[PDB]
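# Whatever this is, show me its structure:
(8 chains, ligands or ions: 5)
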Amino acid sequence: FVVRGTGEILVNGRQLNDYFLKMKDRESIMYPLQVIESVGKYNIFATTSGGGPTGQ
Amino acid sequence: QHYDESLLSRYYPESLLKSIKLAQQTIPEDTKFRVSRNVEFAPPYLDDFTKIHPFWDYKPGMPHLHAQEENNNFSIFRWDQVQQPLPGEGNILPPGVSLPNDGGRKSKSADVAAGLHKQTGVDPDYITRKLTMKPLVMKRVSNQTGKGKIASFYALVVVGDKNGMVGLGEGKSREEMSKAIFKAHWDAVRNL
Amino acid sequence: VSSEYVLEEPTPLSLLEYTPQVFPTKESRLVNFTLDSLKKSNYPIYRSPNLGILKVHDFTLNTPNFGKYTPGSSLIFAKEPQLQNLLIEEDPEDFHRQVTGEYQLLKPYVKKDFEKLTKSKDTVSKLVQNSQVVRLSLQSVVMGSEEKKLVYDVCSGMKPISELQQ
Amino acid sequence: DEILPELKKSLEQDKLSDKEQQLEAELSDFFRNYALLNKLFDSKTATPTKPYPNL
Amino acid sequence: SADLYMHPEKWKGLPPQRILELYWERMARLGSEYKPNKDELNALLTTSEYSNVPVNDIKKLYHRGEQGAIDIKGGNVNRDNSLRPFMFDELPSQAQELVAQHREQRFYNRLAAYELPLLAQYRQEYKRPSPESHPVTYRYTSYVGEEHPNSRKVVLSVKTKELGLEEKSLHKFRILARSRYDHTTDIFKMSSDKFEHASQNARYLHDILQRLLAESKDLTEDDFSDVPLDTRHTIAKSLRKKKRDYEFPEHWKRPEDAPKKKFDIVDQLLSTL
Amino acid sequence: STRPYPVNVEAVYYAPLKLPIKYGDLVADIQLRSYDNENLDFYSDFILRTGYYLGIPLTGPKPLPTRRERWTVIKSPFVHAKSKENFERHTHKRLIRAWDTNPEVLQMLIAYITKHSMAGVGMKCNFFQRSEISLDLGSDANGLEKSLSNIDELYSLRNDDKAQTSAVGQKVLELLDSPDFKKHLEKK
Amino acid sequence: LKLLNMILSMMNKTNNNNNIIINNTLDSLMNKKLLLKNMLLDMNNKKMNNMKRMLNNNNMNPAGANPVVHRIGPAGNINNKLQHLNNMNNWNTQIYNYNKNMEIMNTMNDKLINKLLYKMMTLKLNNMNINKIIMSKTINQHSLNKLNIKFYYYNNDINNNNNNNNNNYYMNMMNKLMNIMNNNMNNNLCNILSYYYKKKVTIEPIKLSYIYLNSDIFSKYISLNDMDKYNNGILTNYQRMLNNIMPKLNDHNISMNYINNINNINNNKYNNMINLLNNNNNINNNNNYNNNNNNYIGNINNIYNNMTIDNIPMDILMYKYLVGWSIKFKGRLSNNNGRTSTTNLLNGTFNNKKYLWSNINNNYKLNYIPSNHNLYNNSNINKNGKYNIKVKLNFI
RNA sequence: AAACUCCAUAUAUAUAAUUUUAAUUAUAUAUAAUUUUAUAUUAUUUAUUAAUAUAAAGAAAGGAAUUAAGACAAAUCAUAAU
Ligand SMILES: [Mg+2]
Ligand SMILES: [Mg+2]
Ligand SMILES: [Mg+2]
Ligand SMILES: [Mg+2]
Ligand SMILES: [Mg+2]
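Numbering: from 1, shown residues only, chains lettered A, B, ... in the order given. Ligands and ions are numbered 1, 2, ... in the order given. The structure is reproduced below:
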């Protein structure tokens, strides 16, 4: 669920650093935002299931 | 609904009018029908289902799953003939095919004559009545290949009308002397 | 290409014999009890009836040992009764087990029997505990009343283990 | 939301009392015949005297 | 009517096609104890003109059978017709299977057209049991056309808040139910399959429910107020199902960016109709 | 223009009709299993078509997950183990939930669909019964009297020209409506 | 609410179109000569959109539409009963029971009864007349209420066609068998099978005239009744008959005409729907279709025009002609050389080109047999050992 | 041999009164790709040509089943049948 705003992210109701201990996963999450340089323009609410850290 | 007592008795047997009436009084008008795309239930064609069609509906009196007769109600007692033959013309000939007939099967000269008339327009009557056939050599010929010895039938034949016309032909086959001599006779007729 | 279509409405009588075997209704229980009685009595259900037209070849295979190896014999063809004059068996125990739902529950054994057996007190207490354990563990096993009773008695310690046909 | 309410709040005024039955019936017939009965695809299923007609 | 074939006496004046299809019926039925009958023979000789066959042939065929046919003709079947060239007068077996599929379809469609409408006579108004007065639910299972043992199982489920128990007896009931009560849903559930037929299993569940209710109502000797309720089995259940409880933050919602509805006069000028 | 085609025959050519749920209680749950989704879905459509005429709100053919048995076996009668071949078996599951319907109507639905069950399909029916906390289960005389009266009023007969009957059902009613059955209760 | 004022609003918009402060724009007839026509244009464009929705959401046609065609509609369906073999037919036993043990029991019973049926076919008449009734495998159908055993049978020699109606006055050694299968009252074999299956049983001996219409009957007949013609060597006359049982059909032309016929079917249904979409709908005003969820066009007779049981059913059926067959004789069919011998007789083709140019797609039976192929092996014993007749037939 | 096929891919449509919730799902049907173009450069059967360059548009990239004829008197009479 992406809605314009600041740079806030909630993954499965948990903080990004809490859910993803790996830095590369957080960078991968960001990548679209930085290619469009809208990292601080949208709030992301992500809910995932299945696979592992990389897959999610 | 669509038609209430609108001459419906003239179009459907009296035994079904009760079912139609019940349907009219249970399914409401303005029902928002929708065709089904997942499953298919109705035939691709249009039918009122009021007549039992032979070859398209189960034959009454003959056992079959989805039957409603008891074991003491079956009315089929002879099995020497094919139940439920084909409808319409009773035949399924493809386009441009003919039912097999004699076709001069008693004499391969007829087949040779028909083929040569087809290919080059010579007279089948002349080939079939005024030509005489005579084999000269009928022997087995072998070729050695990777798989092994492949035997072949070789025939040579003279065909002549006993009035000046004469020719000879050679024919090689892989299956039978009869086909070998057929080919030889074909070639001879060509080479009169 | 035309043949008349004869109709016969699906009345509940016609749809009978195909109601669910286990339904939440006293009426359904009664109907299913009657159907089970017919099946056990060998009514011509699932097959053509026997009417007195065939005199020599009127056979059936529903012998008491049908489908069972233990007796030992070939397929027994038994002359079958005509549709009439067929005795139907109704077991009151079967009724109170399919319609009403009564169960026996293996009426317990109390201290008096075991005290009569043995004078010691610890043995009596242990035997009572044994009987309780067997009582509450032998119900789940699908078995007949008489045989389950005999097993319960033997394992409690009333009957000798020779009653089990060692 | 910014247009339709203003336009719809004027029908109460424009109704007035003038006779309309005939005119509105004719207009409705016009809509049925033209807008609702136009045939997008028709049917069940000369000499080129002048040259360069497209010209 | 049906028994006509068993009475060769009344085979008089019937059309030849009816004398036949009755002689054949008597031969098909009575397959092993068929006996020659002068009435059958006499009724059959009337069909000599129908089938264009001599009566002297009919008599000896009746009295001999296939041996009679091989007597009429000479040597037995000799010509081999097995490999006769196709006449295109018959359809392969796989084609017949497809045709049978269509026949089944047409059967069921005729049913849906004319027979299903006739069972609307049995429509009934649904009398809903009062949910206040019917809190318990009994579940039965049936396997049509089978002997599955599970067909003997019966389940009972109710909600504790709908038992009619005051707080103390309700607490006692929950404690005594132990693992058969999940507080998160407040449902008491118990099943029985230890008797051969459902009638008993249902009675047994009902009896246990009554016994538990009686003990719960009896708070003279002990009420188990000091004992709190155990939830460890529910925790174990919860750990085994993935939970999705997170909800979208309310302050992130921005209705002021939703798509508006554009104005078009086509609908406003065509909706009057 | 042509001969009329009434609604009953026009319904076959469209998706089956459903009746809305007005309370929401689940009376029955029929799960259909087969190795052939074709017959499975065809028969499910037939069920949903009969339910409408019989007045039973049916939800529809919910596709439950299919179950794949797998085996692996060597291709040779004797030693060739480096070559193996896999075999599978798919079980397809559909679910039809019947809400807000009387037990007798539901009974007759199940009976009719059993009458006309296809080949290669299997039905598992879960019936739900609402009940009160305490049940009077000692009723014998009036109990069975009312039960047999209900049997009689249900399995009645009024038309003798049309319709069909089962010998088994006839005998069942015959033996149920008998004085010997009346005394069979408590002859003890 | 009503356009009586929206008209004035749009007139003001036209004034603005010319200039925001001008009285009015270029008006031939006070903006009525062609402004009304443009309004009608947009209305009819809306009709176009709604109309193509109308047709698309009410489409269902058999598969077989060649993509090259233009009038073909977007819809397609291969599962028509007449154009594919239901996968339940793949397995000789067609059952599902929630009790796996009962399922195993029933398959055992099916196999044993099938072998009994085989053994129950041979017949004697006079000790020098041996009649064998070749029968295919049994198709066991296990519905929830009744069991059905269906098979195809071919008598070794039907009574001579030239023979008179004398057959009407006696029952053949085969008619007796087929009658005792299910017609005898309390003696039929179905009654006995009911004990093993605790269900109502039925049997269907479907008759076949030619042996090459089925792979089972054909191989069985060669392996059981034609030994003498290939024991010491395949007879040339036998080979000739076996190779000319069927003519040389043009598979390409057959497939092309089948696809063209399906194209015609779909296109004429499409035309029926289009003429109901345009010619009709006059009296019934628009917006009554409620295209959001309702899609009812009109009378089913008009949606299905000139599509009766007399023309549509037969021309769409598949697997109708035999366009190829292979026979393999393998084993010790030779007194000389005392070794194994294989002889293959292959005629016709083994590919259905119907699937090659159309949208109809092949389905593999048991995931390894193409739908168009039916094959069978039959083994028998001669004085030298065992020998196998393997037959493969391709139907188009 | 390729295609057709099955597991996977995307889209849609239909079912589930979202308390068999996994609707982030299940499986029935259809569509899609054995990818299209646009200018570049070498060339060259001349343009009708390929190998690349890669502006663009696309979600689009895999896997397995199928291993012919002949042979090695290859293994199998211990899967069973002979
Ligand atoms: Mg779980
Ligand atoms: Mg390939
Ligand atoms: Mg090879
Ligand atoms: Mg060795
Ligand atoms: Mg052995």
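# From here on, just use CA atoms for contacts and neighbour counts.
Fine.
# which bits of the stretch 101-250 of chain G sit near RNA strand H?
Residues of the stretch 101-250 of chain G lying near RNA strand H by Cα under 7 Å from any atom of the strand: none.
# cool, chain F as well?
Within chain F, the positions lying close to RNA strand H (Cα under 7 Å from any atom of the strand) are F:20-25, F:29, F:31, F:37, F:59-66, F:76-79, F:85, F:92-93, F:95, F:97.
# contacting residues around residue 6?
With no chain named, the answer covers chain A. Contact analysis of residue A:6 by Cα atoms under 8 Å, 6 or more residues apart in numbering or on different chains lists A:39, A:40, A:41, A:42, A:43.
# sorry, should have said chain F
By Cα under 8 Å, 6+ apart, the contact list for residue F:6 reads B:1, B:2, B:3, B:20, B:24.
# how many neighbours does residue 1 have?
Chain wasn't specified; assuming chain A. Close neighbours of residue A:1, defined as other Cα atoms under 10 Å in any protein chain shown, add up to 10.
# right idea, wrong chain: chain G
Here the count is done by other Cα under 10 Å, and residue G:1 has 17 residues near it.
# Could you list every helix and strand that the top helix by length along chain F packs against?
Secondary structure assigned by DSSP state H gives helix F:37-54 as the longest helix of chain F. When contacts are defined as 3 or more Cα pairs under 8 Å, 6 or more residues apart in numbering or on different chains; DSSP states H and E, helix F:37-54 packs onto strand F:26-34, strand F:84-99, helix F:103-115.
# Out of those, which is closest to chain B?
Counting by Cα to the nearest Cα, chain B lies closest to helix F:103-115 out of those; the figure is 8.9 Å.
# Just confirm yes or no for that closest one near chain C.
Yes - Helix F:103-115 lies in contact with chain C when judged by Cα under 8 Å from any Cα of the partner chain; the contacting residues are F:103, F:107, F:108, F:110, F:111, F:112, F:114, F:115.
# Return the members of those residues classed as buried.
Among the residues of helix F:103-115 next to chain C, those that count as buried by neighbour count (16 or more other Cα atoms under 10 Å in any protein chain shown) are F:103, F:107, F:108, F:110, F:111, F:112, F:114, F:115.
# Present the residues you listed as CSV; the columns should include distance to residue C:63.
Written out in CSV, the entries for these read as follows (distance: Cα to Cα, whole Å):
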residue, distance to residue C:63
F:103, 38
F:107, 33
F:108, 34
F:110, 32
F:111, 30
F:112, 32
F:114, 29
F:115, 29
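# from those residues, which single one is nearest chain E?
For those, the closest approach to chain E (Cα to the nearest Cα) belongs to residue F:114, at 7.8 Å.
# just checking, that closest one touches residue F:124?
No - shown here, residue F:114 and residue F:124 do not form a contact pair, counting by Cα atoms under 8 Å, at 11.6 Å.
# Can you work out which residues contact both of those two?
Residues touching both residue F:114 and residue F:124 comprise residue E:144, with contact defined as Cα under 8 Å, 6+ apart.
# Which helix or which strand is home to the nearest residue in space to residue B:176 that is not next to it in sequence?
The shortest distance from residue B:176 to any residue that is not its chain neighbour, by Cα to Cα, 6 or more residues apart in numbering or on different chains, is 6.5 Å, and that residue is residue B:153. Take DSSP states H and E as the rule and residue B:153 turns out to sit in strand B:149-160.
# Which neighbouring elements make contact with that strand?
Using 3+ Cα pairs under 8 Å, 6+ apart as the contact criterion, the elements in contact with strand B:149-160 are strand B:132-144, strand B:166-173, helix B:177-190.
# surely residue B:69 meets residue B:59?
No - if you go by Cα under 8 Å, residue B:69 and residue B:59 don't touch, sitting 11.5 Å apart.
# Looking at those two, which one has more neighbours?
For residue B:69 and residue B:59, the more surrounded residue by other Cα under 10 Å is residue B:59, and the numbers stand at 17 against 14.
# For beta bridges, what are the partners of the closest residue to residue G:173 other than its chain neighbours?
For residue G:173, ignoring the flanking residues on the chain, the nearest one in space by Cα to Cα, 6+ apart is residue G:123 at 7.0 Å. Taking DSSP bridges as the rule, residue G:123 bridges to residue G:131.
# Let me see the contact set for residue G:123.
G:130, G:131, G:132, G:173.
# Swap in 7 Å and give it another go.
Residues counted as contacts of residue G:123 (Cα atoms under 7 Å, 6 or more residues apart in numbering or on different chains) are G:130, G:131, G:132.
# The second one: how many residues sit nearby?
Spelled out, that is residue G:131. Residue G:131 - counted by other Cα under 10 Å - has 17 other residues nearby.
# Next up, the contacts around it.
With contacts defined as Cα under 7 Å, 6+ apart, the neighbours of residue G:131 are G:122, G:123, G:124, G:156.
# any idea how far it lies from chain A?
Distance, residue G:131 to chain A, using Cα to the nearest Cα, to the nearest Å: 67 Å.
# Next, the buried residues of the longest helix along chain A.
Using DSSP H to assign secondary structure, the helix with the most residues in chain A is helix A:23-35. Of the residues in helix A:23-35, those buried under the neighbour-count criterion (16+ other Cα under 10 Å) are A:25, A:33.
# Go ahead and name everything in contact with that helix.
In this structure, residues lying in contact with helix A:23-35 by Cα under 7 Å, 6+ apart are A:20, A:39, A:54.
# Determine whether the claim that residue A:18 is in a helix is correct.
Yes - Residue A:18 forms part of a helix when assessed by DSSP: H, G, I helix; E, B strand; the rest coil.
# burial of it, as a residue count?
Other residues within reach of residue A:18, judged by other Cα under 10 Å, total 10.
# could I get the helices and strands packed on strand B:149-160 as a markdown table with mean neighbour count and distance to chain C?
Listed next are the helices and strands packed on strand B:149-160 as a markdown table, based on neighbours: other Cα atoms under 10 Å in any protein chain shown; distance: least, Cα to the nearest Cα, whole Å:
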| stretch | mean neighbour count | distance to chain C |
| --- | --- | --- |
| strand B:132-144 | 13 | 55 |
| strand B:166-173 | 20 | 52 |
| helix B:177-190 | 22 | 48 |
